[PDB]
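Chemist: Mind looking over this structure? Questions follow.
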Amino acid sequence: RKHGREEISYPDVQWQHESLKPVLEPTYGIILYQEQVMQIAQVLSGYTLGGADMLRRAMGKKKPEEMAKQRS
Amino acid sequence: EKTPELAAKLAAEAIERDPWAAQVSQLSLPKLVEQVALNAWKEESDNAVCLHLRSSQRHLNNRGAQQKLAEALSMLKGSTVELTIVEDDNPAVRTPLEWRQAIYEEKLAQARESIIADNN
Amino acid sequence: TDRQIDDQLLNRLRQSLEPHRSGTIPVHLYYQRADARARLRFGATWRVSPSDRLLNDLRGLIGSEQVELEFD
């Protein structure tokens with residue numbers, strides 16, 4: 001995607017949105033970092049930075065209950 | 001390929017002939033967006049610029065490139081250029097990418113003859 | 001190089017090669033041009049001995065015994 005061999009999407013062909021461009025700019029629409037996860041929660045869904053860090057933490061643990069709430 | 005000397009020298013001739021290749025080099029675009037500007041030939045109207053991109057490289061062309069290209073063309077023109085990328089593969093004019101190659105081929109042939117004629 | 005005297009083409013260079021033939025290795029000539037690669041394979045006759053590398057490096061030309069393109 002860096003060298004023009006495939007269409008760049010933010011992040012996926014279908015599932016992309018231009019509001020993710022400032023977040024995903026540095027990585028050409030590829031989700032690389034823990035910090036990008038947090039910026040997506042801030043920008044896309046209005047999270048606080050601290051609530052965003054709590055989402056990333058919950059994604060590490062992978063618990064059944066826990067996601068269900070943040071998913072909402 | 002090969003040699004970056006020859007390709008950049010060859011680019012100098014392209015610039016020396018094509019107003020668009022010259023303009024692109026003056027703007028000095030970085031890479032991906034440069035390749036978009038490079039694979040397209042620049043038609044220019046009274047207040048418009050429609051870059052006819054080789055549909056052969058349609059997958060390079062993205063709005064993220066177009067907007068950076070537009071800012072650059074606007075910096076060149078010194079006033080707001082409505083720069084658009086359009087997708088028409090017709091070969092009637094040469095892009096600065098397509099521009100490079102022909103002269104090189106011809107030069108190769110001539111100098112192959114000189115080498116054959118060195119004698120021994 | 002671009003600079004090939006005349007003599008070097010046909011005399012000194014040739015004479016170094018002339019006494020040492022063996023170990024059939026096809027002889028190709030690479031005329032490295034600034035322009036392009038023109039490939040005239042000499043193969044007039046000489047199939048070189050191994051020791052000639054060092055002796056050939058002796059006069060104005062650096063090269064190597066590379067994987068032969070011809071063989072494959």
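Ordering of the structure tokens sets the chain letters (A, B, ...), residue numbers begin anew at 1 in every chain, and ligands are numbered from 1 in the order given.
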Determine, counting only C-alpha atoms, which protein, DNA and RNA residues have an atom within 12 Å of an atom of residue 71 in chain C; residues of the same chain fewer than 6 positions away are not included. Present the result as an MDAnalysis selection string.

Modeler: chainID C and resid 24:28

Chemist: Keeping N, CA and C atoms for every residue in the selection just given, could you write it to a file as a PDB file, in the first residue's frame?

Modeler:
```pdb
ATOM      1  N   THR C  24      36.643 -26.290 -20.064  1.00  0.00           N
ATOM      2  CA  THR C  24      35.916 -25.533 -21.038  1.00  0.00           C
ATOM      3  C   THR C  24      34.932 -24.663 -20.282  1.00  0.00           C
ATOM      4  N   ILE C  25      35.174 -23.387 -20.487  1.00  0.00           N
ATOM      5  CA  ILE C  25      34.368 -22.333 -19.976  1.00  0.00           C
ATOM      6  C   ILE C  25      34.197 -21.543 -21.234  1.00  0.00           C
ATOM      7  N   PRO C  26      32.967 -21.391 -21.672  1.00  0.00           N
ATOM      8  CA  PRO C  26      32.649 -20.501 -22.778  1.00  0.00           C
ATOM      9  C   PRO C  26      33.137 -19.076 -22.512  1.00  0.00           C
ATOM     10  N   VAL C  27      33.613 -18.407 -23.561  1.00  0.00           N
ATOM     11  CA  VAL C  27      34.116 -17.057 -23.433  1.00  0.00           C
ATOM     12  C   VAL C  27      33.069 -16.159 -24.009  1.00  0.00           C
ATOM     13  N   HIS C  28      32.666 -15.210 -23.186  1.00  0.00           N
ATOM     14  CA  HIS C  28      31.731 -14.187 -23.583  1.00  0.00           C
ATOM     15  C   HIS C  28      32.478 -12.899 -23.368  1.00  0.00           C
TER      16      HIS C  28
END
```

Chemist: List the spatial neighbours of residue 20 in chain B as a PyMOL selection string - criterion: any atom at most 7 Å away, only C-alpha atoms, same-chain residues fewer than 3 positions off excluded.

Modeler: chain B and resi 23-24+42

Chemist: For N, CA, C and O atoms, I'd like the residues from the last selection saved as a compact mmCIF listing (two decimals), in the first residue's frame.

Modeler:
```txt
# COMPACT_ATOMS: atom_id res chain seq x y z
N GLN B 23 7.53 21.47 -14.72
CA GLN B 23 6.67 21.94 -13.63
C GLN B 23 6.72 20.98 -12.41
O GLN B 23 6.95 21.43 -11.28
N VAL B 24 6.56 19.67 -12.66
CA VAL B 24 6.60 18.63 -11.60
C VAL B 24 7.92 18.68 -10.82
O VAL B 24 7.93 18.66 -9.58
N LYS B 42 -0.49 16.64 -18.59
CA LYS B 42 -1.18 17.81 -18.06
C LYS B 42 -1.77 18.64 -19.19
O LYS B 42 -1.06 19.42 -19.81
```

Chemist: Enumerate as number ranges by chain all residues of chain A assigned to alpha helix (DSSP H) by DSSP on the backbone, naming them with the chain letters and numbers the document uses.

Modeler: A: 21-24, 34-43, 49-61, 64-71

Chemist: Residue 80 in chain B: which residues within 10 Å, counting only C-alpha atoms, same-chain residues fewer than 2 positions away excluded, as a PyMOL selection string?

Modeler: chain B and resi 47-48+70-71+73-78+82-83

Chemist: Sort by chain and increasing residue number a table of all residues of chain C within 9 Å of chain B, each with its closest pair of atoms and their distance in Å to one decimal, counting only C-alpha atoms, and write it as a Markdown table.

Modeler:
```
| residue | atom | partner | partner_atom | distance |
| --- | --- | --- | --- | --- |
| C:6 | CA | B:120 | CA | 7.7 |
| C:9 | CA | B:120 | CA | 6.7 |
| C:10 | CA | B:120 | CA | 6.4 |
| C:31 | CA | B:115 | CA | 8.6 |
| C:33 | CA | B:115 | CA | 8.5 |
| C:34 | CA | B:6 | CA | 8.5 |
| C:35 | CA | B:108 | CA | 5.8 |
| C:36 | CA | B:108 | CA | 6.3 |
| C:37 | CA | B:112 | CA | 8.7 |
| C:38 | CA | B:112 | CA | 6.8 |
```

Chemist: How about saving the chosen residues, C-alpha atoms kept, as a PDB file, in the first residue's frame?

Modeler:
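Saved file part10.pdb follows:
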```
ATOM      1  CA  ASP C   6      43.503  -0.283 -30.016  1.00  0.00           C
ATOM      2  CA  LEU C   9      41.957  -4.932 -27.911  1.00  0.00           C
ATOM      3  CA  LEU C  10      44.178  -6.815 -30.269  1.00  0.00           C
ATOM      4  CA  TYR C  31      31.385  -4.539 -23.251  1.00  0.00           C
ATOM      5  CA  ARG C  33      28.810   0.531 -22.180  1.00  0.00           C
ATOM      6  CA  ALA C  34      27.698   3.716 -20.457  1.00  0.00           C
ATOM      7  CA  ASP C  35      24.585   3.386 -22.678  1.00  0.00           C
ATOM      8  CA  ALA C  36      23.648  -0.251 -22.526  1.00  0.00           C
ATOM      9  CA  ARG C  37      24.851  -3.759 -22.475  1.00  0.00           C
ATOM     10  CA  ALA C  38      25.729  -5.023 -25.925  1.00  0.00           C
TER      11      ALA C  38
END
```
